[PDB]
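**Q** Chains as they are written, first to last, in the entry's author numbering: chain D, 217 to 401; chain C, 219 to 401; chain A, 663 to 692; chain F, 255 to 375, 543 to 577; chain E, 490 to 524, 538 to 580.
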Ligand SMILES: [Zn+2]
Ligand SMILES: [Zn+2]
């Protein structure tokens, strides 16, 4: 019902388009699981913000926002965040967790790239609901603050440092079964 | 039976007036800053600037002039509370002493125009008008109401005359009370 | 902490519910 | 009515071996479900998408819909911000992922194909007031640090 | 400035609206308390008044800080 736009800086779109080539053309998949999950980085951020807020209300906003963000990453990670190929990897972890007798926890496994994807798709999602205007503007402001911080700290979680060391490549080269299912064979 | 659905905020403004010229005993300060003519000229000017169809703007200007003339001829008859009639008479005396025949449109404020509009359904349904004509009148006055509610805080703001100045209302002396009410 | 104690003391002392509603309405207006 | 099911996977607009619903023309690949389905273990009986599940459970009644969503958003007494969104996921069927439109038109050398190919050319209150007071004390001490630095550079 | 209260827009026609955000939504002074009139909870207003109090103490401290710092600037100028 409302009309809004999210003013994302350009380096974030750069990271996303790089991930887009590595996911869509060169056939590289997120190395599951990464060493640093989204739980770690989000707990880190929330711990790095509220220690700068004087007011209790702002801190409650922060904590509720971070909790809801983890919840949303979990609830959406498998629905509309992953391309046609890597959903195979998701189904693989599906089978493994079905054998593990533990309920699914998507955050404690994946990396923050699909989280960045969530952030990018936030506009249409938040606009598709009948949310009132003031809360829309406020959540927009929160997302912008989060993206300022992420732009500040891009390289710790999304840089592939020393690309000569393939063990730190967030994306492993796909095995033959990944392309067998991705080409529809 | 025609019905005119005024926005709620303007109904609240009307009831606020209805108390102000009743048991607080204030009256409308005249000549106000925004008369009827300035209101309607601004309305028509703003709406002709956006409208492209010729007949739309023809019916626009017709509605404007017609509402104007009918306010002009009806104000004395049925838009004034009991307490105000004395100010009306005094205005007539002043005009006829100054030899300028009185025009209601260039002295009276917009609140009387809202009074007129609020009356309008009965005014129409007491007649034998065409169904399409009365319908277009309702649609038209409704668009006027919308444009008015977009700017409602330019005219109908509150200022508490007893303390600073130039509020839309003023108080009456006990002599004015005595004559107007208890003649 | 001690301000939670402030508001609980108010809730008890002012006693009735409606009057506490009025207190909170004043506090919100401010 | 025996309608036709979409020969393209409604989630990925592509054809294959896909599971289709008996109450809507939506068909989806085996991998598109949330969580995805195993083709060896197909459900016995009439299979429907998440949308039809929601439609039959709420029975298309706006009053029951508002009742259940109100109860759930109350249940989100700690995560109320994302409640409205989270109530939307479990009602509708899945789609695949494409980055937003304005992100596409920032750089021109990246291009899309019709296949989707992208190539480059309570206790909480106590804790919150505690955080308040600790950060406030930190900030007043840092202000006194500003003052002391000032007084030392100006005395020396 | 002027009023902070509507009239009694009684009957069925009135629309009560529950907020989706409960910490910095301001919206009016026509609140209605629960366990366009914008409902709210006791703990929410608790938080909002704490926000007022702590922002006020912060800005008061900052006013004293700028006062004392201008004092120190005009002293060191002497
Ligand atoms: Zn599919
Ligand atoms: Zn279906």
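Quick reminder that beta carbons are idealized off the backbone N, C-alpha and C, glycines included.
Measure the beta-carbon distance from residue 257/D to residue 394/D and round it to whole angstroms, keeping in mind my assumption that it falls under 8 Å.
**A** Not quite, the Cβ-Cβ distance comes to about 26 Å (not below 8 Å), so this is no contact.
**Q** Taking 8 Å as the CB-CB cut-off, is residue 277/D touching chain E?
**A** yes
**Q** Assess, as a yes-or-no matter, whether the segment 286-295 of chain C is touched by the segment 229-241 of chain C under the definition of 3 or more beta carbon pairs within less than 8 Å.
**A** Counting Cβ pairs under 8 Å, fewer than three are found: no touch.
**Q** Find the nearest neighbour of residue 336/C within the set 308/C, 284/C, 252/C and 359/C, judged by alpha-carbon distance.
**A** 359/C
**Q** Hey, could you find the ends of the alpha helix (DSSP H) residue 279/C is sitting in?
**A** 272-296
**Q** Counting only runs of 3+ residues fully inside the segment 226-264 of chain C, write out the beta strand (DSSP E) ranges in chain order.
**A** 244-246
**Q** Assuming residue 313/D and residue 304/D are in contact, meaning their beta carbons sit under 8 Å apart, how far apart are those beta carbons, in whole angstroms?
**A** Actually they are not in contact, since the Cβ atoms of residue 313/D and residue 304/D sit about 15 Å apart, beyond 8 Å.
**Q** Is the beta carbon of residue 518/E sitting closer than 8 Å to the one on residue 563/E?
**A** no
**Q** For residue 221/C, go through chain E and note every residue whose CB falls closer than 8 Å to its CB, in chain order.
**A** Result: empty, since nearest Cβ-Cβ is about 14 Å, beyond 8 Å.
**Q** Can you tell me whether residue 236/D is buried or exposed? The criterion is at least 16 other CB atoms within 10 Å of its CB, across all chains shown.
**A** buried
**Q** If you run the structure through DSSP and keep just helix, strand and coil, what is residue 678/A?
**A** coil
**Q** What are the boundary residues of the alpha helix (DSSP H) that includes residue 306/F?
**A** 304-312
**Q** I believe residue 579/F touches residue 296/D by the beta-carbon criterion, under 8 Å. Please report the beta-carbon distance rounded to the nearest angstrom.
**A** A question about residue 579/F goes unanswered here, because the residues of chain F that appear run from 255 up to 577.
**Q** Checking contacts by CB at 8 Å: is residue 554/E closer than that to chain A?
**A** yes
**Q** Between the Cα of residue 664/A and those of 560/F, 556/F and 548/F, spot the shortest distance and give me the residue it belongs to.
**A** 548/F
**Q** Nearest by alpha-carbon distance to residue 253/D: which of 327/D, 338/D and 341/D is it?
**A** Of 327/D, 338/D and 341/D, the smallest CA-CA separation from residue 253/D is found for 327/D.
**Q** For residue 348/D, which residues in chain E fall below 7 Å Cβ to Cβ?
**A** 509
**Q** Could you give the residue range of the beta strand (DSSP E) that holds residue 539/E?
**A** 539-542
**Q** List the whole-angstrom C-beta distance separating residue 288/F from residue 348/F, where the pair is believed to meet the contact cut-off of C-beta under 8 Å.
**A** 5 Å
**Q** First and last residue of the beta strand (DSSP E) that includes residue 372/F?
**A** 372-374
**Q** Looking at the strands, I want to know which residues DSSP matches up with residue 386/F.
**A** No coordinates are present for residue 386/F, because the numbering of chain F runs from 375 directly to 543.
**Q** In angstroms, rounded to a whole number, what distance separates the CA positions of residue 310/F and residue 260/F?
**A** 21 Å
**Q** Can you give the Cα-Cα distance for residue 220/D and residue 246/C, rounded to whole angstroms?
**A** Rounded to whole angstroms, residue 220/D to residue 246/C spans 44 Å at the Cα level.
**Q** When you compare only the Cα positions, how much space is there between residue 335/F and residue 383/C?
**A** Distance between the alpha carbons of residue 335/F and residue 383/C: 46 Å.
**Q** With DSSP as the reference, identify every bridge partner of residue 387/D, one or two as the case may be.
**A** 246/D
**Q** May I ask whether a heavy atom of ligand 3 can be found less than 7 Å away from the beta carbon of residue 398/D?
**A** Among the ligands in the structure shown, ligand 3 does not appear; only ligand 1 and ligand 2 can be found there.
**Q** Just verifying my parser: in three-state terms, what is the DSSP assignment at residue 342/C?
**A** helix
**Q** Tell me which residues share the same chain as residue 370/C and place their Cβ nearer than 8 Å to its Cβ, disregarding the 5 neighbours each side in the sequence.
**A** 227, 228 and 231
**Q** Starting from residue 513/E, find everything on chain A with Cβ-Cβ shorter than 9 Å and list it in chain order.
**A** Within 9 Å Cβ-Cβ: nothing; residue 513/E doesn't reach chain A, min ~13 Å.
**Q** Relative to the C-alpha of residue 367/F, which candidate in 308/D, 306/D, 222/D and 241/D has its C-alpha closest?
**A** Looking at the Cα atoms, 241/D is the closest of the given residues.
**Q** Locate the alpha helix (DSSP H) running through residue 397/D, then write down its first and last residues.
**A** 392-398
**Q** Quick one: using the 10 Å Cβ neighbour count with 16 as the cut-off for buried, is residue 386/D buried or exposed?
**A** The residue in question, residue 386/D, is buried, as its Cβ has 16 or more Cβ neighbours within 10 Å.
**Q** For a contact defined as C-beta to C-beta under 9 Å, what are the partners of residue 498/E on chain F?
**A** Those within 9 Å of residue 498/E in chain F number zero; the least Cβ separation is about 22 Å.
**Q** With a threshold of 7 Å, establish whether the CB of residue 306/F neighbours any heavy atom of ligand 2.
**A** yes
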